[PDB]
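Colleague: Pasting work.pdb here (PDB, C-alpha atoms):
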ATOM      1  CA  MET A   1     -29.519 -36.619-140.536
ATOM      2  CA  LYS A   2     -28.872 -32.971-139.661
ATOM      3  CA  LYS A   3     -27.109 -30.154-141.480
ATOM      4  CA  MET A   4     -23.771 -29.647-139.712
ATOM      5  CA  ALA A   5     -24.209 -31.234-136.290
ATOM      6  CA  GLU A   6     -22.178 -28.913-134.089
ATOM      7  CA  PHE A   7     -23.054 -26.859-131.016
ATOM      8  CA  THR A   8     -22.638 -23.099-130.943
ATOM      9  CA  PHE A   9     -22.767 -21.345-127.582
ATOM     10  CA  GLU A  10     -23.200 -17.612-127.037
ATOM     11  CA  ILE A  11     -24.087 -15.285-124.167
ATOM     12  CA  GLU A  12     -27.674 -14.239-124.841
ATOM     13  CA  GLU A  13     -28.555 -12.184-121.778
ATOM     14  CA  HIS A  14     -26.363 -11.015-118.904
ATOM     15  CA  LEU A  15     -28.092 -11.614-115.568
ATOM     16  CA  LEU A  16     -25.694 -11.280-112.638
ATOM     17  CA  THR A  17     -22.002 -10.634-112.255
ATOM     18  CA  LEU A  18     -21.116 -12.296-108.957
ATOM     19  CA  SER A  19     -17.368 -11.801-108.629
ATOM     20  CA  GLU A  20     -14.036 -12.413-110.331
ATOM     21  CA  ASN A  21     -11.909 -14.720-108.227
ATOM     22  CA  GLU A  22      -8.456 -16.284-108.056
ATOM     23  CA  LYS A  23      -6.600 -15.288-111.224
ATOM     24  CA  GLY A  24      -8.820 -14.214-114.093
ATOM     25  CA  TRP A  25     -11.576 -16.574-112.985
ATOM     26  CA  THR A  26     -14.789 -14.695-113.623
ATOM     27  CA  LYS A  27     -17.915 -16.180-112.085
ATOM     28  CA  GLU A  28     -21.335 -14.958-113.073
ATOM     29  CA  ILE A  29     -24.868 -15.893-114.052
ATOM     30  CA  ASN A  30     -26.214 -15.431-117.577
ATOM     31  CA  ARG A  31     -28.271 -17.167-120.252
ATOM     32  CA  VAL A  32     -26.358 -19.090-122.908
ATOM     33  CA  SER A  33     -27.958 -20.147-126.183
ATOM     34  CA  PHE A  34     -26.940 -23.452-127.774
ATOM     35  CA  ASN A  35     -27.949 -23.718-131.459
ATOM     36  CA  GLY A  36     -30.938 -21.460-131.954
ATOM     37  CA  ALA A  37     -32.501 -19.610-129.035
ATOM     38  CA  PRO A  38     -32.632 -22.181-126.160
ATOM     39  CA  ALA A  39     -30.871 -19.764-123.819
ATOM     40  CA  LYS A  40     -30.922 -21.341-120.372
ATOM     41  CA  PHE A  41     -29.536 -20.068-117.080
ATOM     42  CA  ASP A  42     -25.863 -20.920-116.754
ATOM     43  CA  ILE A  43     -24.024 -20.331-113.488
ATOM     44  CA  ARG A  44     -20.376 -20.801-114.339
ATOM     45  CA  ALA A  45     -16.843 -19.654-113.715
ATOM     46  CA  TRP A  46     -15.095 -18.724-116.935
ATOM     47  CA  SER A  47     -11.436 -19.434-117.556
ATOM     48  CA  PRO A  48      -8.901 -16.609-117.990
ATOM     49  CA  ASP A  49      -6.821 -15.982-121.116
ATOM     50  CA  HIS A  50      -4.420 -18.751-120.104
ATOM     51  CA  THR A  51      -5.724 -22.133-118.910
ATOM     52  CA  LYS A  52      -7.947 -24.030-116.419
ATOM     53  CA  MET A  53     -11.743 -24.377-116.515
ATOM     54  CA  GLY A  54     -14.724 -23.532-114.327
ATOM     55  CA  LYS A  55     -17.118 -26.038-112.755
ATOM     56  CA  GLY A  56     -20.157 -24.083-113.930
ATOM     57  CA  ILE A  57     -23.569 -25.721-113.910
ATOM     58  CA  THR A  58     -26.511 -25.147-116.255
ATOM     59  CA  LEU A  59     -30.068 -24.782-114.940
ATOM     60  CA  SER A  60     -33.399 -24.751-116.747
ATOM     61  CA  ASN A  61     -36.042 -22.101-115.979
ATOM     62  CA  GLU A  62     -38.067 -24.542-113.886
ATOM     63  CA  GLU A  63     -35.044 -25.533-111.796
ATOM     64  CA  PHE A  64     -33.763 -21.959-111.645
ATOM     65  CA  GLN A  65     -37.089 -20.577-110.406
ATOM     66  CA  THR A  66     -37.191 -23.335-107.777
ATOM     67  CA  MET A  67     -33.944 -22.275-106.067
ATOM     68  CA  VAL A  68     -34.873 -18.610-106.348
ATOM     69  CA  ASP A  69     -38.182 -18.920-104.499
ATOM     70  CA  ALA A  70     -36.510 -20.976-101.778
ATOM     71  CA  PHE A  71     -33.654 -18.512-101.236
ATOM     72  CA  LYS A  72     -36.150 -15.663-101.641
ATOM     73  CA  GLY A  73     -37.860 -16.722 -98.434
ATOM     74  CA  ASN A  74     -34.889 -18.342 -96.695
ATOM     75  CA  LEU A  75     -31.500 -16.662 -97.091
ATOM     76  CA  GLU A  76     -32.787 -13.107 -97.422
ATOM     77  CA  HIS A  77     -34.222 -12.769 -93.936
ATOM     78  CA  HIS A  78     -33.338  -9.116 -93.386
ATOM     79  CA  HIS A  79     -36.750  -8.025 -94.645
ATOM     80  CA  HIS A  80     -40.176  -8.844 -93.202
ATOM     81  CA  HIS A  81     -40.451 -12.597 -93.700
ATOM     82  CA  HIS A  82     -41.294 -15.106 -90.987
TER
ATOM     83  CA  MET B   1       2.352 -34.060 -88.396
ATOM     84  CA  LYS B   2      -1.008 -34.773 -89.972
ATOM     85  CA  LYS B   3      -1.133 -35.437 -93.698
ATOM     86  CA  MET B   4      -3.038 -32.365 -94.857
ATOM     87  CA  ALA B   5      -3.931 -33.673 -98.294
ATOM     88  CA  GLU B   6      -7.357 -34.922 -97.308
ATOM     89  CA  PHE B   7     -10.088 -32.311 -97.339
ATOM     90  CA  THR B   8     -12.924 -33.984 -95.484
ATOM     91  CA  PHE B   9     -16.197 -33.094 -97.160
ATOM     92  CA  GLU B  10     -19.476 -33.472 -95.315
ATOM     93  CA  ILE B  11     -22.866 -31.988 -96.140
ATOM     94  CA  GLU B  12     -24.165 -30.552 -92.877
ATOM     95  CA  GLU B  13     -26.929 -28.573 -94.549
ATOM     96  CA  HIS B  14     -29.104 -29.580 -97.469
ATOM     97  CA  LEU B  15     -30.716 -26.407 -98.794
ATOM     98  CA  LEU B  16     -33.088 -27.828-101.396
ATOM     99  CA  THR B  17     -33.341 -30.234-104.295
ATOM    100  CA  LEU B  18     -33.959 -28.438-107.584
ATOM    101  CA  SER B  19     -34.999 -31.334-109.795
ATOM    102  CA  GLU B  20     -34.253 -34.990-110.451
ATOM    103  CA  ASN B  21     -33.388 -35.210-114.131
ATOM    104  CA  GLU B  22     -33.862 -38.244-116.369
ATOM    105  CA  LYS B  23     -33.616 -41.011-113.748
ATOM    106  CA  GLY B  24     -30.713 -40.761-111.349
ATOM    107  CA  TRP B  25     -29.425 -37.315-112.235
ATOM    108  CA  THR B  26     -30.301 -35.388-109.116
ATOM    109  CA  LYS B  27     -29.467 -31.700-109.113
ATOM    110  CA  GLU B  28     -29.616 -29.725-105.900
ATOM    111  CA  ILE B  29     -27.933 -27.093-103.767
ATOM    112  CA  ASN B  30     -26.302 -27.846-100.423
ATOM    113  CA  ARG B  31     -23.578 -26.613 -98.090
ATOM    114  CA  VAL B  32     -20.439 -28.708 -97.900
ATOM    115  CA  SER B  33     -18.269 -28.487 -94.804
ATOM    116  CA  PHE B  34     -14.620 -28.709 -95.808
ATOM    117  CA  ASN B  35     -12.661 -29.965 -92.776
ATOM    118  CA  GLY B  36     -15.600 -28.906 -90.633
ATOM    119  CA  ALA B  37     -15.976 -25.181 -90.011
ATOM    120  CA  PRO B  38     -15.928 -23.825 -93.625
ATOM    121  CA  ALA B  39     -19.299 -25.006 -94.889
ATOM    122  CA  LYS B  40     -20.202 -23.051 -97.997
ATOM    123  CA  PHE B  41     -22.691 -23.348-100.821
ATOM    124  CA  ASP B  42     -22.252 -25.930-103.563
ATOM    125  CA  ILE B  43     -24.508 -26.540-106.554
ATOM    126  CA  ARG B  44     -23.870 -30.080-107.703
ATOM    127  CA  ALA B  45     -25.446 -32.715-109.900
ATOM    128  CA  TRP B  46     -25.287 -36.318-108.763
ATOM    129  CA  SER B  47     -25.265 -39.301-111.091
ATOM    130  CA  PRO B  48     -26.757 -42.822-110.749
ATOM    131  CA  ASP B  49     -24.718 -45.998-110.170
ATOM    132  CA  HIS B  50     -20.952 -45.759-110.763
ATOM    133  CA  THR B  51     -21.455 -41.972-110.835
ATOM    134  CA  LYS B  52     -20.051 -39.710-113.554
ATOM    135  CA  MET B  53     -19.114 -36.063-114.165
ATOM    136  CA  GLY B  54     -21.993 -33.839-113.092
ATOM    137  CA  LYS B  55     -20.148 -30.508-113.023
ATOM    138  CA  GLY B  56     -20.701 -29.258-109.467
ATOM    139  CA  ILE B  57     -19.805 -25.649-108.722
ATOM    140  CA  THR B  58     -18.974 -24.233-105.305
ATOM    141  CA  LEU B  59     -20.035 -20.681-104.428
ATOM    142  CA  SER B  60     -18.779 -18.500-101.590
ATOM    143  CA  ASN B  61     -21.113 -16.926 -99.012
ATOM    144  CA  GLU B  62     -20.766 -13.418-100.460
ATOM    145  CA  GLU B  63     -21.416 -14.413-104.070
ATOM    146  CA  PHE B  64     -24.344 -16.587-103.030
ATOM    147  CA  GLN B  65     -25.882 -13.806-100.930
ATOM    148  CA  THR B  66     -25.514 -11.519-103.941
ATOM    149  CA  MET B  67     -27.561 -13.670-106.329
ATOM    150  CA  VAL B  68     -30.283 -14.354-103.738
ATOM    151  CA  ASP B  69     -30.973 -10.646-103.252
ATOM    152  CA  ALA B  70     -31.180 -10.016-106.995
ATOM    153  CA  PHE B  71     -33.262 -13.115-107.749
ATOM    154  CA  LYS B  72     -35.544 -12.291-104.831
ATOM    155  CA  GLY B  73     -36.266  -8.920-106.381
ATOM    156  CA  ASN B  74     -37.100 -10.300-109.835
ATOM    157  CA  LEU B  75     -37.432 -13.430-112.050
ATOM    158  CA  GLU B  76     -40.730 -14.350-110.351
ATOM    159  CA  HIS B  77     -42.597 -12.696-113.233
ATOM    160  CA  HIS B  78     -44.914 -15.106-115.052
ATOM    161  CA  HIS B  79     -43.857 -15.909-118.637
ATOM    162  CA  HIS B  80     -46.993 -14.283-120.039
ATOM    163  CA  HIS B  81     -47.117 -10.627-119.105
ATOM    164  CA  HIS B  82     -47.313  -9.511-122.710
TER
END
For the structure just supplied, provide its representation as structure tokens.
Modeller:
Amino acid sequence: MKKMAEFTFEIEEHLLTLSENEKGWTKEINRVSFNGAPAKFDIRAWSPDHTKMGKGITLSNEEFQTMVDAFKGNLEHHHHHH
Amino acid sequence: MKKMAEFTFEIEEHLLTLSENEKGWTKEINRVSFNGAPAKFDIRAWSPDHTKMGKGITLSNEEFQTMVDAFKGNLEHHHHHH
């Protein structure tokens, strides 16, 4: 019992543009809203004007923050962090 | 000759588990070694028994390094600044 049960996705906020790979395969990080304003962090490769599809994965804020803190102290080791 | 149609995948480095969703849907980030030497970053969701499609997106070293720098410099702001 819902009025028109269909999902609408749109790019809410542009976070990071990683790189465009292969042939028209753009891969970036932004927040996509699905019906309303539940814009979560979506890390996905987007298909070109022709065919194929990206293996992009969606993360919630909790999950997203988790990886960020880890990599914050781990991968970026060029600054002062023991 | 060797039948080069078998890309041997082995996870030599488990970065961190993000969250375990529902009950069997584990979502984490790890490095998968394809053939052996090329072990790059992969963000994949794993399913319970039988296992089903959980997306799973592979990122290259450069693209991964990119996001870590940016996310290290931000995002960590508490969702109640104003």
Colleague: Write out as a tab-separated table the residues of chain B that have any atom within 6 Å of an atom of chain A, one row each with the nearest atom pair and its distance in Å to one decimal, counting only C-alpha atoms, sorted by chain and then rising number.
Modeller:
residue	atom	partner	partner_atom	distance
B:18	CA	A:63	CA	5.2
B:55	CA	A:55	CA	5.4
B:56	CA	A:55	CA	5.8
B:57	CA	A:55	CA	4.9
B:63	CA	A:18	CA	5.3
B:68	CA	A:71	CA	5.9
B:71	CA	A:68	CA	5.9
B:72	CA	A:72	CA	4.7
Colleague: Residual C-alpha RMSD for chain B onto chain A, least squares, all atoms in order?
Modeller: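 The fitted C-alpha deviation between chain A and chain B is 3.3 Å.
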Colleague: To one decimal in Å, tell me the separation between atom CA of residue 13 of chain A and atom CA of residue 26 of chain B.
Modeller: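 Atom CA of residue 13 of chain A sits 26.5 Å away from atom CA of residue 26 of chain B.
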Colleague: Any idea what the distance is between atom CA of residue 32 of chain B and atom CA of residue 46 of chain B?
Modeller: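 Between atom CA of residue 32 of chain B and atom CA of residue 46 of chain B the gap works out to 14.1 Å.
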Colleague: Which is closest to residue 6 of chain A among A:35, A:21, A:49, A:77, if we use all atoms listed in the file?
Modeller: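 Of A:35, A:21, A:49, A:77, the one nearest residue 6 of chain A, counting all atoms listed in the file, is A:35.
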Colleague: Report the distance between atom CA of residue 7 of chain B and atom CA of residue 31 of chain B in Å, rounded to one decimal place.
Modeller: 14.7 Å
Colleague: Selection in question (the file shown): the PyMOL selection byres ((chain A and resi 8) around 12). Which residues does it include, as a CSV table (one decimal) with C-alpha atoms, in the coordinates of the input?
Modeller:
chain,number,residue,atom,x,y,z
A,4,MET,CA,-23.8,-29.6,-139.7
A,5,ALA,CA,-24.2,-31.2,-136.3
A,6,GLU,CA,-22.2,-28.9,-134.1
A,7,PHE,CA,-23.1,-26.9,-131.0
A,9,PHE,CA,-22.8,-21.3,-127.6
A,10,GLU,CA,-23.2,-17.6,-127.0
A,11,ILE,CA,-24.1,-15.3,-124.2
A,12,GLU,CA,-27.7,-14.2,-124.8
A,32,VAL,CA,-26.4,-19.1,-122.9
A,33,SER,CA,-28.0,-20.1,-126.2
A,34,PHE,CA,-26.9,-23.5,-127.8
A,35,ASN,CA,-27.9,-23.7,-131.5
A,36,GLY,CA,-30.9,-21.5,-132.0
A,37,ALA,CA,-32.5,-19.6,-129.0
A,38,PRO,CA,-32.6,-22.2,-126.2
A,39,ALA,CA,-30.9,-19.8,-123.8
Colleague: Output, as AutoDock Vina command-line options, the centre and edge lengths in Å (one decimal) of the axis-aligned box that contains all listed atoms of segment 48-65 of chain A with 4 Å of margin on each side.
Modeller:
--center_x -21.2 --center_y -21.0 --center_z -115.8 --size_x 41.6 --size_y 18.1 --size_z 18.7
Colleague: Taking the file as shown, what set of residues would the PyMOL selection byres ((chain B and resi 48) around 9) give back, as a tab-separated table (two decimals) with C-alpha atoms, in the coordinates of the input?
Modeller:
chain	number	residue	atom	x	y	z
B	23	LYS	CA	-33.62	-41.01	-113.75
B	24	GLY	CA	-30.71	-40.76	-111.35
B	25	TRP	CA	-29.42	-37.32	-112.24
B	26	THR	CA	-30.30	-35.39	-109.12
B	46	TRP	CA	-25.29	-36.32	-108.76
B	47	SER	CA	-25.26	-39.30	-111.09
B	49	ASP	CA	-24.72	-46.00	-110.17
B	50	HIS	CA	-20.95	-45.76	-110.76
B	51	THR	CA	-21.46	-41.97	-110.84
B	52	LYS	CA	-20.05	-39.71	-113.55
